[PDB]
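J.: Here it is, the structure in full.
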Amino acid sequence: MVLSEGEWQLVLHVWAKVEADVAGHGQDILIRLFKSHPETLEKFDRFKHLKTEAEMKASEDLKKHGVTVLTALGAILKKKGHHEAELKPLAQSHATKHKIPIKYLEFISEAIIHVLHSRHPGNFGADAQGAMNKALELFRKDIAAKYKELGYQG
Ligand code: HEM
C-alpha cells in the first residue's frame with residue numbers, strides 16, 4: 001500500500017514523542033504484548049522465565065531489548081516506505097532464527113497502537129492512529145513478502 005506524506009508526518013510526529021523516552025515506551029509495549037498474548041513470550045528464550053508484570057518491569061535486559069526493538073522500528077518508519085535495506089536483516093532473523101509468525105507481528109502492532117493511544121492522545125487522535133496503522137500494515141505486508149522469499153510461511 002502507499003502512505004501519503006501527510007500520513008507519514010502523523011506517524012513521525014507521534015514517534016517524536018516516543019523518542020523522549022524510548023526505554024519506557026518499549027517496556028510498556030513489550031509488557032502489553034506479553035500480557036495480551038502470553039504465547040508470544042514463549043518465543044523469547046531469554047525472557048520467558050518472567051512470571052509477572054513486576055518482574056518484567058524490573059528486568060534491565062528486557063528494557064534494553066525494548067530499546068533495540070523500537071529503535072529498529074523507528075529507523076524503518078523514518079524511511080517512509082523505502083525500507084528494503086532495513087527489512088532484510090530483520091526478516092531473516094525473525095523468519096529463520098526466532099520463527100515469528102505474521103500473526104505475532106500483528107499482535108505487537110496492536111500493542112504499539114494501544115500504548116501510543118494511552119500515552120499520547122495529543123498526537124494520536126483517530127487520523128494519527130489510522131496513519132500509524134497504515135505504516136504498520138505496510139511493514140507487515142513487506143515483511144511477509146520477504147518471509148516468503150526466505151522460505152518461511154509466517
Ligand atoms: C515491530 C516488530 C519488531 C521489530 C522491529 C523487532 C526487532 C528486533 C530486533 C532489532 C532484534 C535484535 C536483532 C535481531 O535478532 O533481529 C529482535 C530480536 C528478537 N525478536 Fe523482534 N522485533 C519485532 C517483533 C517481534 C515479535 C512480535 C516477536 C515475538 C513474538 C519477536 C521476537 C524476537 C526474539 C525472540 C528476538 C531475540 C531476543 C534476544 O536477544 O533474546 N520480535 N527483534
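Numbers run from 1 along the shown chain.
So this one's X-ray crystallography, 1.3 Å, going by the header.
Heads up, the Cβ atoms here are built off N, Cα and C, so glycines get one too.
These came from Swiss-Prot, pasted as-is:
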{"type": "BINDING", "residues": "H65", "note": "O2 binding site"}
{"type": "BINDING", "residues": "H65", "note": "nitrite binding site"}
{"type": "BINDING", "residues": "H94", "note": "heme b binding site"}
{"type": "MOD_RES", "residues": "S4", "note": "phosphoserine"}
{"type": "MOD_RES", "residues": "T68", "note": "phosphothreonine"}
J.: Tell me, how many other CB atoms lie within 10 A of the CB of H65 (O2 binding site), whichever protein chain they belong to?
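T.: Here the count is 17.
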J.: Give the distance between the Cα atoms of the residue listed as 'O2 binding site' and the residue listed as 'heme b binding site', rounded to the nearest whole Å.
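T.: Per the Cα atoms, the residue listed as 'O2 binding site' and the residue listed as 'heme b binding site' stand 15 Å apart.
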J.: List every residue in the same chain as the residue listed as 'heme b binding site', at least 6 positions away in sequence, whose Cβ is under 8 Å from its Cβ.
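T.: Residues satisfying the criterion: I100, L105, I143, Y147.
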J.: Quick one: pull the CA-CA distance for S4 (phosphoserine) versus the residue listed as 'phosphothreonine', whole Å only.
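T.: Rounded to a whole number, the Cα-Cα distance is 27 Å.
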J.: Counting across all protein chains shown, how many other Cβ atoms sit within 10 Å of the Cβ of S4 (phosphoserine)?
T.: 11
